[PDB]
Structures are given as structure tokens and as C-alpha cells.
2 protein chains.
Amino acid sequence: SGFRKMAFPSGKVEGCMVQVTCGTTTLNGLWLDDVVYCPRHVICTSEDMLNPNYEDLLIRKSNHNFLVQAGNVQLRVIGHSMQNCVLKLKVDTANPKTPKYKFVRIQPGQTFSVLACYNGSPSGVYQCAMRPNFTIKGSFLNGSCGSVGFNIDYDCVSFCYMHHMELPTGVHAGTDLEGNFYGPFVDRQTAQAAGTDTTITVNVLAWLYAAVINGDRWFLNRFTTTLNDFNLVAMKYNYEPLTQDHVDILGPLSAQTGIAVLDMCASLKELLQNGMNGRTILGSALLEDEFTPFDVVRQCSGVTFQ
Amino acid sequence: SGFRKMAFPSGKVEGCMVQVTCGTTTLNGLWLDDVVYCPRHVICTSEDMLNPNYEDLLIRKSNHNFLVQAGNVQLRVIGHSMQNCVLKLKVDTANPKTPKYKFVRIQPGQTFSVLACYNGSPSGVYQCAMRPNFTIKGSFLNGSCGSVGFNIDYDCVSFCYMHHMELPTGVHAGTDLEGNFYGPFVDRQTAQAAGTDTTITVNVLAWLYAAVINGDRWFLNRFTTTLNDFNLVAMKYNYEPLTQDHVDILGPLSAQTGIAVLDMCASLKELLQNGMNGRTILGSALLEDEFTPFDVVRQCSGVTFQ
Ligand SMILES: *[C@H](O)[C@H](C[C@@H]1CCNC1=O)NC(=O)[C@H](CC1CCCCC1)NC(=O)[C@@H](NC(=O)OC(C)C)[C@@H](C)OC(C)(C)C
Ligand SMILES: *[C@H](O)[C@H](C[C@@H]1CCNC1=O)NC(=O)[C@H](CC1CCCCC1)NC(=O)[C@@H](NC(=O)OC(C)C)[C@@H](C)OC(C)(C)C
């Protein structure tokens with residue numbers, strides 16, 4: 001038993017990370033087959049950053065301007081191309097450690113593991129969610145650009161995130177692996193702000209089920225509630241609406257515990273109305289929203305990868 | 001910026017995990033060079049578990065009783081030997097993925113990353129601490145025995161923990177990689193209990209410094225306190241004594257923030273006396289004790305491995 005913020009094992013991604021250096025800028029690249037993916041602002045500098053124009057900037061670069069290093073072995077760039085906000089550097093060597101992989105653009109509320117990297121060397125691994133405002137509450141220092149977010153599904157790495165920037169509020173923004181930003185952010189140095197965030201209600205519900213699977217029952221009640229009446233209370237506390245699709249997704253968790261989803265909603269309602277009154281749930285004194293229903297099933301039941 | 005429970009990248013350990021099967025029992029082994037390490041109760045069964053006697057049990061086994069599988073390639077056991085509570089199975093093949101490594105027995109309060117495994121396949125990675133009562137608050141299901149805990153120091157994997165058992169309270173107990181249990185636990189099925197736990201005070205202090213490094217300052221005060229007077233308040237709230245050695249270890253964190261350690265102690269004192277009053281620190285509504293002073297420096301400054 002027990003419940004932990006669990007990231008996926010990171011070995012299949014460690015084997016893909018490289019350092020990319022152009023001009024005065026060093027960041028992280030993702031080496032898959034014979035292509036290295038990285039954020040396109042690597043072709044910027046300190047005065048290119050104001051209001052860039054990357055097409056003009058990229059036509060001025062030669063292949064030998066990109067220094068790409070995999071270990072103490074640095075690769076030869078034989079071509080480049082821009083796709084939205086990512087560079088794709090063609091190198092003369094295929095990565096022999098290329099896992100089976102996909103590129104996926106995830107929905108808000110979905111979770112993924114982040115392998116934080118500096119100078120092409122992995123630093124640490126942790127679990128994050130795409131917030132409803134399309135930021136992520138990461139842990140990123142200078143030079144972490146190019147670190148990726150990913151899920152693992154049997155032996156396939158689904159890459160879902162590349163890191164670009166930190167916002168004044170301390171949260172983080174980036175792109176899918178095809179260069180499209182999550183959210184309304186753009187890769188300029190102009191005032192941008194996150195936009196109001198909300199709590200991922202389906203995830204809270206999923207974590208209460210995790211609590212019940214692990215032996216916490218103190219917050220349950222006899223009451224129930226309708227979906228409209230739950231949503232009327234969730235709105236007041238800045239929670240997202242729960243859709244019938246969310247209810248369905250929470251089916252297995254309901255069926256395994258014997259607590260109807262609408263009954264767990266009545267529990268959350270009273271939890272939001274009265275606070276936790278100095279108790280904890282799964283070691284937390286706040287209602288936790290960065291576990292998906294899939295996360296709970298995986299950890300409380302024990303799915304692996306090979 | 002930002003602050004996260006960060007585990008070490010797990011690739012160098014994923015490459016060592018194997019499945020070990022003997023009789024009706026399947027658990028996880030650690031393959032380093034030509035030896036596979038695993039918990040010795042793999043030679044038990046459902047009636048061997050009552051009050052075992054592993055010397056007698058082990059002299060009755062032949063090498064071909066141990067089925068050891070690394071991928072869809074299973075190894076040949078050519079010898080075995082017991083060392084405290086771990087089996088060391090000699091195999092005819094050296095693991096080509098053996099990292100540079102050490103075996104270290106850690107102190108309470110120290111943290112490490114756990115690679116949870118089933119049937120030799122890594123499942124997920126997370127960060128834990130050795131509690132003052134020598135248990136760990138892990139996340140472990142049946143078949144997770146043999147999963148290891150580790151730190152990484154440049155390119156050297158310091159293995160510090162092998163998983164053996166869960167206790168009635170839901171916490172977890174195991175050994176160092178030489179088979180010595182942490183704590184007073186033994187590998188029998190007899191009533192054992194954890195013993196009262198305490199909060200790791202130096203770690204709390206270290207995490208408040210993490211908070212200040214990241215922009216939280218609301219909990220600081222002008223007051224200060226002596227070490228005796230801090231320890232008199234910590235005792236009342238079930239915190240461990242803070243030694244001068246702890247103060248020294250918190251030197252760099254003090255020097256980087258301009259907050260004397262004894263001043264941060266006065267902050268914690270008021271935090272313990274008045275609660276947090278509905279505020280959070282680094283996203284937590286409880287004082288967090290599973291970050292060491294080294295953990296904070298690593299994450300807030302950005303040390304890697306290669
Ligand atoms: C790349 O490694 C780096 C990662 C950040 C540094 C600190 N934490 C990070 O996550 N990204 C940047 O430094 C980035 C540079 C590019 C320049 C051209 C395209 C935009 C990003 N700059 C930032 O993240 C800055 N944020 C920013 O300008 O956001 C505006 C307001 C929308 C950071 C470094 O500045 C602070 C002051 C921290 C907000
Ligand atoms: C090995 O994979 C497994 C891991 C635990 C199963 C569930 N969670 C775990 O971490 N370890 C065991 O199942 C272990 C078997 C051996 C048998 C001989 C030596 C002792 C351990 N048994 C337990 O962990 C049980 N705990 C236990 O007997 O502790 C006593 C009270 C000291 C667990 C499975 O039983 C419960 C009811 C969960 C406490």
C-alpha cells in the first residue's frame with residue numbers, strides 16, 4: 001500500500017538527451033533517430049530576444065553554427081528546419097538508443113513526468129500536470145530549456161512536452177514536441193501572464209478513491225448529490241465542471257471501492273464546505289489534483305513497462 | 001524556480017533489475033557484474049514464512065531452483081550465498097549495463113530514490129526518506145520485494161535500500177544492500193511494529209530555506225532563539241533535536257539567503273506554535289521534512305549526472 005507522486009522510469013529518455021550550443025546559448029536537445037529537437041529560441045541571443053523573427057534569423061545560420069554534443073562525442077549537423085516553435089537539426093548519426101516513441105499533444109488535466117536536464121545531462125525526474133491554464137508547476141533553472149515531459153505506455157515513450165520559459169509567477173510554459181505552445185504563450189520576451197487557474201476536479205475525485213483504496217474513509221458521508229448540484233458548489237470554490245465523461249472515466253475506481261461517483265462528489269462537497277478540520281488525506285492537508293484516474297489505477301494496482 | 005519532490009534519473013538502475021523466481025515466489029533481483037542480489041525470503045513459501053531458519057532452508061536448495069530472468073533472456077545460477085538477510089546468486093553472465101556503484105548504509109533523515117519493480121520490470125520512481133523510526137513511507141504492492149533505493153553521485157549509483165516487507169501501519173521496512181535491516185525489524189511473520197516516529201527537524205529547516213530561495217518570506221520574523229530554547233520547543237511538537245552539526249550543515253543555505261540558522265529556528269518555532277493560519281509554503285499546507293540540505297542545494301542550484 002501507500003501513495004506517492006510517482007514518475008515513470010526515465011531511462012528510455014536519458015538515452016536521448018543531448019546538449020545543443022549555438023552562439024552564446026546552450027540548451028537541451030532530444031535526439032531521436034537522426035534528428036535533434038530543441039526550442040527554436042536557441043538561435044536568439046540577448047538582443048534577438050526582444051521581438052524576434054525566426055525565419056529571418058534561421059536563414060542566416062549555417063549547419064556548423066549548431067554544436068551538438070552527445071556525451072564526449074559531438075554530432076555533425078547536416079541540416080535544419082523549423083516547425084512552429086522547435087528546431088529540428090538533422091545529424092549524420094542515428095541515436096542507437098532511440099526508444100519506440102510517439103509525439104502526443106495532451107489535454108489539460110493530464111499528467112506526465114519531466115526529466116530535468118542541463119548541458120545534456122539529466123538532473124532529476126518528477127511528475128507534473130498540465131494545469132487548466134496550460135502552464136505547468138515545474139522546477140526549472142537556467143539552461144533547462146529542451147527538457148521534455150513524457151508518459152510511458154508499455155515500451156513506447158509518448159513525448160508530450162518541451163520546456164521553453166518561466167513566467168513572472170514562477171510557473172512554466174512550453175510546447176508539444178511539434179513546437180506548438182500549450183496555452184496562449186509565444187516565444188518572445190513580452191509581458192505574458194498565466195491566466196486564472198482552476199483545480200482539476202476529476203483528479204481530486206480520483207485521489208479520494210486512492211485514499212479509500214489505501215484505508216482512509218473518514219471524509220465519506222451517507223449523503224449524495226446530483227451532477228448539477230455538485231457543479232454549483234464546485235464553481236464557487238474555483239473547481240472545474242465535472243462532466244458525465246469524467247464520471248464514466250471514474251467508473252473502475254467507483255466499481256473497485258463500492259462508492260458511487262456521485263457519492264464521492266457529495267464527500268468532496270462537504271470537504272470543500274467545511275475544510276479538512278486539521279486532518280490529512282494520504283499525507284496531504286490540501287485536496288490534491290495532480291493524480292489522474294489512470295495514475296491511481298496504475299499505482300494502486302501495479303502496472304509496469306519493460 | 002519552483003520546488004518539486006525530485007528523484008534521481010533511474011536509467012542506471014533500470015538496467016540492473018531482474019526477476020527472480022524460486023518455488024512459488026517471484027520477486028525482484030539486482031544484477032551487478034555476475035551477482036544477483038535479492039531478499040532471502042525468496043526461499044520461503046507460505047508455510048516457511050511462520051518462523052523460518054534460512055540456513056537450513058538454503059542448504060536444501062540447488063542452483064537450478066533459482067530462475068533468474070533478465071528480459072526474455074534468463075540467466076544460469078552457478079552459485080549462491082547468504083549474507084545477513086539477502087541472497088547473492090552467482091550467475092554465469094556479467095551484466096554489461098553494470099554502472100559504477102557503491103553500497104552504502106544511510107542514516108535516518110537521509111533521502112533516496114526508489115525504483116519500484118514487479119517481475120523485474122521497473123514501474124515508477126519516487127523520492128523517500130529513512131524515517132527516524134527506520135521505516136520508509138513507500139508505495140509498494142505484492143511482488144515489489146527486491147526493488148532498491150539509491151542516490152546518484154556524478155556517475156556512481158550509491159545503492160542504499162532493498163525492499164522486504166510492509167508493516168500493519170502501511171509503512172515499509174527493508175535492508176541495506178548487504179542484508180542488514182534498517183531498524184529492529186526481522187524477516188519473519190511475527191508481530192512487529194514501527195515505533196513512534198518523529199519529524200526530521202534539519203530537513204524542515206532546509207525546506208524553509210528552499211521556500212526563501214524561491215520567494216516565500218511570509219513566515220520569517222525578527223526574533224531569534226538559542227539552540228537550547230529551540231530544542232525545548234521542538235521536543236513538545238515531536239521534532240528531533242537539532243544538533244550543532246545540523247546547524248553547520250545548514251551553513252551554505254544560511255549564507256545564500258542571509259538568514260542565520262538560529263533565526264530560521266525562531267521562524268519554525270512560531271510556525272509550530274501558531275500553525276500556518278491557512279497559508280501554504282512551496283505548495284504545502286504541512287511542514288515538509290523529506291528534503292535534506294543537500295536536496296535543496298541540488299535542486300535550487302542545478303547539479304546533474306552523466
Ligand atoms: C531556457 O533554459 C530558459 C529556462 C528558464 C530560465 C529560468 N527558468 C526557466 O524555466 N528559458 C528562458 O530563460 C527564457 C528565454 C527565451 C527567450 C526567447 C523566447 C522566450 C524565452 N526566458 C524566460 O523564461 C524568462 N521569462 C520571460 O521572459 O517571460 C516573459 C515575461 C513572458 C525568465 C528567465 O525571466 C523571468 C524573470 C524569470 C520571468
Ligand atoms: C514482497 O514483494 C512483499 C512486499 C509487500 C507486499 C505488500 N506490500 C509490500 O511491501 N513482502 C511481503 O509480502 C512480506 C513477505 C515476507 C515473508 C517472510 C519475511 C517477512 C516478509 N510480507 C509482508 O510484507 C506482510 N507483512 C508482515 O508480515 O509484517 C509483519 C506484521 C511484521 C504484509 C504482506 O502483510 C500485511 C497484512 C500487509 C501487513
Side-chain angles (χ1 to χ4, degrees), chain A residues 1-15 17 71-72 97 113-128 136-144 152 154 166 170-172 214-215 275-276 278 280 283-286 295 298-306, chain B residues 1-15 17 71-72 97 113-128 136-144 152 154 166 170-172 214-215 275-276 278 280 283-286 295 298-306:
Chain A
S1 75
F3 204 71
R4 276 287 193 179
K5 254 164 179 142
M6 193 169 284
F8 288 90
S10 70
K12 271 90 66 167
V13 173
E14 298 169 41
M17 300 309 296
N72 44 0
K97 298 159 176 274
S113 289
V114 165
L115 177 74
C117 289
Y118 301 88
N119 304 106
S121 311
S123 179
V125 64
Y126 56 84
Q127 199 72 4
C128 302
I136 69 157
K137 290 176 185 303
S139 167
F140 285 122
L141 309 171
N142 182 206
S144 48
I152 302 196
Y154 191 41
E166 178 176 307
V171 299
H172 295 99
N214 278 270
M276 271 156 64
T280 60
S284 172
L286 299 176
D295 291 344
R298 155 176 78 119
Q299 171 168 181
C300 294
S301 167
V303 172
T304 74
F305 319 91
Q306 194 165 359
Chain B
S1 75
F3 204 71
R4 276 287 193 179
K5 254 164 179 142
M6 193 169 284
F8 288 90
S10 70
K12 271 90 66 167
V13 173
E14 298 169 41
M17 300 309 296
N72 44 0
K97 298 159 176 274
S113 289
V114 165
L115 177 74
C117 289
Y118 301 88
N119 304 106
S121 311
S123 179
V125 64
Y126 56 84
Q127 199 72 4
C128 302
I136 69 157
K137 290 176 185 303
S139 167
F140 285 122
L141 309 171
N142 182 206
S144 48
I152 302 196
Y154 191 41
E166 178 176 307
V171 299
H172 295 99
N214 278 270
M276 271 156 64
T280 60
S284 172
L286 299 176
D295 291 344
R298 155 176 78 119
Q299 171 168 181
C300 294
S301 167
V303 172
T304 74
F305 319 91
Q306 194 165 359

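Hydrogens, waters and symmetry mates play no part in the numbers below; they use all other heavy atoms, side chains included. Order of the sequence lines sets the chain letters (A, B, ...), proteins ahead of strands, with each chain counted from 1.
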Report the option among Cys117(A), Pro9(A), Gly143(A), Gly2(A) that has the most heavy-atom pairs separated by less than 4.5 Å from atoms of chain B.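 Winner by heavy-atom pair count: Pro9(A).
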Under 4.5 Å, counting heavy-atom pairs only, tell me which of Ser121(A), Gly138(A), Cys128(A) racks up the most with chain B.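 When all of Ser121(A), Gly138(A), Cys128(A) are compared, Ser121(A) has the most.
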To the nearest 0.5 Å, what is the distance between NE2 (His172(B)) and OG (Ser1(A))?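 The NE2 atom of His172(B) sits 5.0 Å away from the OG atom of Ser1(A).
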Top residue by heavy-atom pair count (under 4.5 Å) with chain A, among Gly275(B), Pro122(B), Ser144(B), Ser113(B)?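 Top option by heavy-atom pairs under 4.5 Å: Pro122(B).
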Of all of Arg298(B), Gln306(B), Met17(B), which one pairs up most often with chain A through heavy atoms under 4.5 Å apart?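 Looking at each of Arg298(B), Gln306(B), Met17(B) in turn, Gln306(B) comes out on top.
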Sort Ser301(B) into side chain, backbone, both or neither according to what part of it lies under 4.5 angstrom from a heavy atom of chain A. backbone
Could you tell me which portion of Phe3(B) (side chain, backbone, both or neither) has an atom closer than 4.5 angstrom to a non-hydrogen atom of chain A? backbone
Provide the closest heavy-atom pair for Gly11(B) versus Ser10(A) in the form atom of the first, atom of the second, distance.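 Minimum heavy-atom contact is N-OG, 4.3 Å.
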Checking the side chain of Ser123(B) only, and the main-chain atoms of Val303(A) only, is there a donor and an acceptor separated by less than 3.5 Å? yes
Could you walk me through whether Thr304(A) and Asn119(B) pass the side-chain contact (heavy atoms from CB on, under 4.5 Å) check? CA-CA 9 Å; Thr304(A) 74; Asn119(B) 304 106; 5.9 Å; no
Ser139(A) and its side-chain hydrogen bond (donor to acceptor under 3.5 Å, both in side chains) partner, picked from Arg4(B), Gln299(B), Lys5(B):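 Only match with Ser139(A) under side-chain hydrogen bond (donor to acceptor under 3.5 Å, both in side chains): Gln299(B).
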